[PDB]
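With mmCIF, C-alpha atoms inside, this is target-v2.cif:
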data_run
#
loop_
_atom_site.label_atom_id
_atom_site.label_comp_id
_atom_site.auth_asym_id
_atom_site.auth_seq_id
_atom_site.Cartn_x
_atom_site.Cartn_y
_atom_site.Cartn_z
CA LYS A 2082 0.00 0.00 0.00
CA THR A 2083 2.71 2.51 0.86
CA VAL A 2084 4.52 1.59 -2.41
CA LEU A 2085 1.38 2.59 -4.31
CA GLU A 2086 1.23 5.75 -2.19
CA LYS A 2087 4.78 6.77 -3.13
CA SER A 2088 4.01 6.19 -6.78
CA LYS A 2089 0.90 8.36 -6.38
CA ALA A 2090 3.00 11.09 -4.77
CA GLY A 2091 5.49 11.00 -7.64
CA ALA A 2092 2.85 11.04 -10.34
CA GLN A 2093 1.13 13.94 -8.60
CA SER A 2094 4.39 15.90 -8.25
CA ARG A 2095 4.44 15.63 -12.02
CA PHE A 2096 0.82 16.66 -12.59
CA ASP A 2097 1.43 19.65 -10.35
CA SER A 2098 4.57 20.57 -12.31
CA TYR A 2099 3.04 20.38 -15.78
CA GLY A 2100 -0.02 22.13 -14.40
CA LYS A 2101 2.01 25.10 -13.12
CA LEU A 2102 4.00 25.20 -16.37
CA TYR A 2103 0.98 25.12 -18.64
CA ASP A 2104 -0.59 27.83 -16.52
CA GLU A 2105 2.21 30.34 -17.22
CA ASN A 2106 2.19 29.82 -20.99
CA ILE A 2107 4.59 32.51 -22.00
CA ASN A 2108 7.17 33.74 -19.60
CA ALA A 2109 7.85 37.45 -19.06
CA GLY A 2110 11.20 37.10 -20.71
CA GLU A 2111 9.83 35.06 -23.61
CA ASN A 2112 7.14 37.59 -24.35
CA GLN A 2113 9.88 40.26 -24.31
CA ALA A 2114 11.96 38.37 -26.88
CA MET A 2115 8.90 38.05 -29.12
CA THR A 2116 7.96 41.74 -28.84
CA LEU A 2117 11.58 42.66 -29.61
CA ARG A 2118 11.37 40.79 -32.88
CA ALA A 2119 8.07 42.54 -33.50
CA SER A 2120 9.78 45.91 -33.06
CA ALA A 2121 12.64 45.00 -35.39
CA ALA A 2122 10.11 43.83 -37.96
CA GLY A 2123 8.46 47.24 -38.04
CA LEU A 2124 10.20 50.45 -39.05
CA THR A 2125 10.37 49.62 -42.79
CA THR A 2126 8.62 52.96 -43.00
CA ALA A 2127 11.46 55.01 -41.51
CA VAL A 2128 14.18 53.41 -43.60
CA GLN A 2129 12.09 53.98 -46.70
CA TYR B 1163 -2.61 71.44 -40.13
CA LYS B 1164 -5.85 69.53 -40.51
CA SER B 1165 -5.27 67.89 -37.09
CA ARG B 1166 -1.82 66.45 -37.94
CA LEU B 1167 1.64 67.67 -36.85
CA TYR B 1168 3.67 69.25 -39.69
CA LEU B 1169 6.98 71.07 -39.45
CA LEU B 1170 8.74 73.58 -41.75
CA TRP B 1171 12.40 74.51 -41.77
CA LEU B 1172 14.72 76.36 -44.15
CA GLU B 1173 18.10 75.18 -45.43
CA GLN B 1174 20.89 77.29 -46.96
CA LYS B 1175 23.31 75.80 -49.46
CA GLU B 1176 26.63 77.45 -50.45
CA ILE B 1177 26.78 78.19 -54.14
CA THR B 1178 29.54 80.12 -55.89
CA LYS B 1179 28.54 82.74 -58.49
CA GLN B 1180 30.34 82.91 -61.88
CA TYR B 1188 34.91 87.08 -64.23
CA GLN B 1189 34.36 87.05 -60.45
CA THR B 1190 34.58 84.06 -58.05
CA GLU B 1191 32.20 84.80 -55.14
CA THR B 1192 30.61 82.81 -52.35
CA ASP B 1193 26.81 83.23 -52.42
CA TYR B 1194 23.83 81.56 -50.71
CA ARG B 1195 20.73 79.79 -52.00
CA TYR B 1196 17.77 79.11 -49.71
CA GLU B 1197 15.09 76.43 -49.82
CA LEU B 1198 12.02 75.74 -47.66
CA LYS B 1199 11.26 72.13 -46.55
CA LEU B 1200 8.13 70.49 -45.13
CA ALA B 1201 7.49 67.25 -43.27
CA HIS B 1202 4.51 65.57 -41.59
CA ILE B 1203 4.06 62.61 -39.25
CA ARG B 1204 2.56 59.39 -40.63
CA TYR B 1205 0.06 57.27 -38.65
CA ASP B 1206 2.59 54.63 -37.58
CA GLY B 1207 4.83 57.25 -35.97
CA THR B 1208 7.36 57.64 -38.76
CA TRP B 1209 8.06 61.08 -40.08
CA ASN B 1210 7.20 61.45 -43.71
#

Represent the structure of the file as structure tokens.
Amino acid sequence: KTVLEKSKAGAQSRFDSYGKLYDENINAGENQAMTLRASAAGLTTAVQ
Amino acid sequence: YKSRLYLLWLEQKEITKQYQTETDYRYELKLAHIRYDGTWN
């Protein structure tokens, strides 16, 4: 019984991890990298 | 002008005038306006 319980604990440590990860889909940093590329993509106007 | 920002400025270019060699100035007016995206025209 305790063997099953330890396996349950492990499996749930995982569900909790992938839960918390899925919940913050895009990290502050990651969104900043994306918006940087967005900024570089613009400004065709000015160089024209 | 018509609810958009425009600016005017005037630039002077050095031009020599023809038997006499003399430094003289020519003046031209220039206009610009700001596009929607934020880039100056």

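Across the structure, atom CA of residue 1205 of chain B and atom CA of residue 2110 of chain A are spaced 29.2 Å apart.
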
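Once only C-alpha atoms are considered, the residues situated within 12 Å of the file point (-5.3, 67.5, -39.4) turn out to be residues 1163, 1164, 1165, 1166, 1167, 1168, 1202, 1203, 1204 and 1205 of chain B.
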
What's the 8 Å shell around residue 1199 of chain B, counting only C-alpha atoms, without same-chain residues fewer than 4 positions away, as number ranges by chain?
B: 1170-1173

Applied to this file, what does the PyMOL selection byres ((chain A) within 10 of (chain B)) return in terms of residues, put as a count of residues only?
7

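Interatomic distance, atom CA of residue 1198 of chain B against atom CA of residue 1174 of chain B: 9.0 Å.
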
Quick check, in Å to one decimal: how far apart do atom CA of residue 2084 of chain A and atom CA of residue 2096 of chain A lie?
18.6 Å
